[PDB]
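Residue numbers (the authors' numbering): 1 to 216.
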Ligand SMILES: [Hg+2]
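Structure follows, in structure tokens:
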């Protein structure tokens, strides 16, 4: 695979956002992967609506969490609106998907990374942004303000974020994660999580559950 990939270098990653007052990480992560395969297949970076998935993705639970593959299923069946035509309110509303103008971004299906294995994950990352899970409940994670993150954390994953790159940095393997906690957190909104090698739940269960949208 390439030894280092950064989708931000590619123009495939939109600015860091903030969830505000809502458990919508599932939606923000599915959004970010969909922006990325979007820019990769079409050349156009656009920002898409997290609020469409909070209000319309009925299998997820709004502002009380959700599941990145369901969201990704949602986009494959229904496509998904411009963040500007269906703006983010940080609470669960009724689904307005029908009433919103602008172009729909559409995908065709969902890719499941075979979990618990480093190279499977990077093979996916080396092709596009991937939705992954992490255990975020640990103080070290919530107070993370930069460096290669090795824990401590457990594998009780509770938070969906987006793998937007991976690489080696003054010799450690990491994965480059876009969080949705604002640019105040971590390295201006990103985290570099230590790569466990081969077959592993990953640092902080980083390998336990990886999905991406398929398109074009
Ligand atoms: Hg979360």
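We put the CB at the ideal spot given by N, CA and C, even for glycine.
Answer with buried or exposed for residue i, where buried requires no fewer than 16 other C-beta atoms within 10 angstroms of its C-beta.
i           : result
residue 21  : exposed
residue 72  : buried
residue 53  : buried
residue 112 : exposed
residue 42  : exposed
residue 136 : buried
residue 39  : buried
residue 140 : exposed
residue 205 : buried
residue 199 : exposed
residue 108 : exposed
residue 218 : Given that the chain is displayed from residue 1 to residue 216, the structure contains no residue 218 and the question cannot be resolved.
residue 146 : exposed
residue 178 : buried
residue 142 : exposed
What residues in its chain sit with their C-beta under 8 Å from that of residue i, if we drop five residues either side in the sequence?
i           : result
residue 110 : 69, 72, 73, 76, 211, 212, 213, 214
residue 6   : 164, 165, 167, 176
To the nearest whole angstrom, what separates the beta carbons of residue i and residue j, a pair I think is in contact under 8 Å?
i           : j           : result
residue 1   : residue 126 : 5 Å
residue 180 : residue 25  : 6 Å
residue 132 : residue 161 : 7 Å
residue 50  : residue 31  : 5 Å
Tell me which same chain residues have a C-beta within less than 7 Å of the C-beta of residue i, skipping the five on either side of it?
i           : result
residue 96  : 55, 86
residue 17  : 28, 180
residue 11  : 39, 45
residue 183 : 16, 189
residue 201 : 116, 155, 207, 208
residue 89  : 51
In its own chain, which residues sit with a C-beta less than 6 Å from the C-beta of residue i, not counting the 5 before and 5 after it?
i           : result
residue 4   : 167
residue 216 : 41
residue 114 : 120
residue 47  : 14, 83
residue 173 : 195
residue 130 : 124, 163, 210, 212
residue 36  : 7, 12, 128, 129
residue 187 : 146
Between the segment 169-188 and the segment 100-108, are three or more C-beta pairs nearer than 8 Å? no
Are the segment 138-157 and the segment 192-205 touching, with three or more C-beta to C-beta distances below 8 Å? Touching, yes, given that three or more Cβ pairs across the two stretches are closer than 8 Å.
Going along the chain, which residues put their C-beta within less than 7 Å of some heavy atom in ligand 1? Environment of ligand 1, chain-ordered: 23, 25, 65, 136, 158, 159, 160, taking every residue with Cβ within less than 7 Å of a heavy atom.
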